[PDB]
Amino acid sequence: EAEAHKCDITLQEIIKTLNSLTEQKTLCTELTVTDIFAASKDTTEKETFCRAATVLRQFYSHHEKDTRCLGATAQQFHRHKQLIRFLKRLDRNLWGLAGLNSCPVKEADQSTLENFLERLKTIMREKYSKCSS
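Rules behind the numbers
- Residues numbered from 1 in each chain as written, not as in the entry; some residues may be left out.
- Heavy atoms only, no water.
- UniProt positions renumbered as here; feature names shortened; annotations may be inferred.
- Helix = DSSP H or I, 4+ residues; strand = E, 2+ residues; numbered from the N terminus.
- Disulfide = S-S within 2.5 Å.
- Buried < 20%, exposed > 50% of the residue type's maximum accessible area, 1.4 Å probe, protein only.
- Salt bridge = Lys/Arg side-chain N within 4 Å of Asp/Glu carboxyl O.
- Expected span 1.5 Å × (residues − 1).
- Contact = heavy atoms within 4.5 Å.
- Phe/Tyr/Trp six-rings, centres within 6.5 Å; stacked < 30°, edge-to-face > 60°.

- The name the PDB entry assigns to the chain is INTERLEUKIN-4, from the organism Homo sapiens.
- For this entry, the PDB title field holds "THE HIGH RESOLUTION THREE-DIMENSIONAL SOLUTION STRUCTURE OF HUMAN INTERLEUKIN-4 DETERMINED BY MULTI-DIMENSIONAL HETERONUCLEAR MAGNETIC RESONANCE SPECTROSCOPY".
- The Subunit (literature references left out) field of the UniProt record for the chain holds the comment "Interacts with IL4R. Interacts with IL13RA1."

Have a look at this one:
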């Protein structure tokens, strides 16, 4: 009964977390983030999760302070806060299983937070091929 299925339970709570975000849709989606898969060549999966976090980083870090996705209503003020938290969460889960010290960002084209979360979620389920086939 020891173990061998190194199934990373983190990639699980993460995939489910992304779905919870898809259910939520604020004007913060009209924002364009920096794409990372538009320039992947010798970069391995490691640097892939890092770059992804770097983006989400300057995302809820610069916007949360900008009165863009804040609005003025009271129902949007809270709904927005909950969003920033969801990002601040997976943002750590990713950079967590990474464990990378140096990881400077390069350059790329652009992508919408929506399509960006789509190709990303799909990629995850693509690499999610392991003890769970």
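### A closer look at the environment of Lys25
Line of reasoning, step 1. Locating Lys25 in the fold gives a position in the loop between α1 (9-23) and β1 (32-33).
Line of reasoning, step 2. As for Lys25 and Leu56, which are separated by 31 residues in sequence, their C-alpha atoms are 16 Å apart.

### What about the UniProt feature "disulfide bond" in the chain?
Line of reasoning, step 1. Sulfur atoms of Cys7 and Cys131 sit 2.0 Å from each other, so the disulfide annotated by UniProt is realized in this structure. You can see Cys7 sitting in the segment before α1 and its partner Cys131 sitting in the segment after α4 (113-127), a full 124 residues away along the chain.
Line of reasoning, step 2. The partly exposed category is assigned to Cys131, whose relative accessible area is 39%.
Line of reasoning, step 3. The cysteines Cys28 and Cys69 carry a UniProt disulfide annotation, and their SG atoms are 2.0 Å apart, under the 2.5 Å mark, so the bond is there. In this pair, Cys28 is assigned in the loop between α1 and β1 and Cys69 in the loop between α2 (45-62) and α3 (74-98), connecting sequence segments 41 residues apart.

### What to know about the pattern of salt bridges
Line of reasoning, step 1. One pass over the structure, following the stated rule, counts 2 salt bridges.
Line of reasoning, step 2. A salt bridge links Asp35 to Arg119, with the nearest nitrogen and oxygen atoms 3.0 Å apart. A residue pair is termed long-range when its members are at least 10 positions apart, and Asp35 in the loop between β1 and α2 and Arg119 in helix α4 qualify at 84 residues.
Line of reasoning, step 3. The exposure class of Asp35 is buried, given its relative accessible area of 4%.
Line of reasoning, step 4. For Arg119, a relative accessible area of 36% corresponds to the partly exposed category.
Line of reasoning, step 5. A salt bridge links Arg68 to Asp66; the nearest nitrogen and oxygen atoms lie 3.9 Å apart.
Line of reasoning, step 6. Looking at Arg68, the relative accessible area reads 55%, which means it is exposed.
Line of reasoning, step 7. Accessibility expressed as a relative area gives 37% for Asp66, which makes it partly exposed.

### Structural notes on α3
Line of reasoning, step 1. If you check α3, its first and last C-alpha atoms are 37 Å apart, about what 25 residues at 1.5 Å a residue would give, namely 36 Å.
Line of reasoning, step 2. Against the buried residues of α3 lie α1, α2 and α4.
Line of reasoning, step 3. A positive phi of about 70 degrees marks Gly99, the residue just after α3.

### Looking at the packing of aromatic side chains
Line of reasoning, step 1. Using the criterion set out here, one finds 1 aromatic pair in the structure.
Line of reasoning, step 2. On the basis of an interplanar angle of 40 degrees and a centroid distance of 6.3 Å, the ring pair of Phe37 and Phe116 is categorised as tilted. Of this pair, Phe37 sits in the loop between β1 and α2 while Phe116 sits in helix α4, placing them 79 residues apart in sequence.
Line of reasoning, step 3. Judged by relative accessible area, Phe37 falls into the partly exposed class, the value being 23%.

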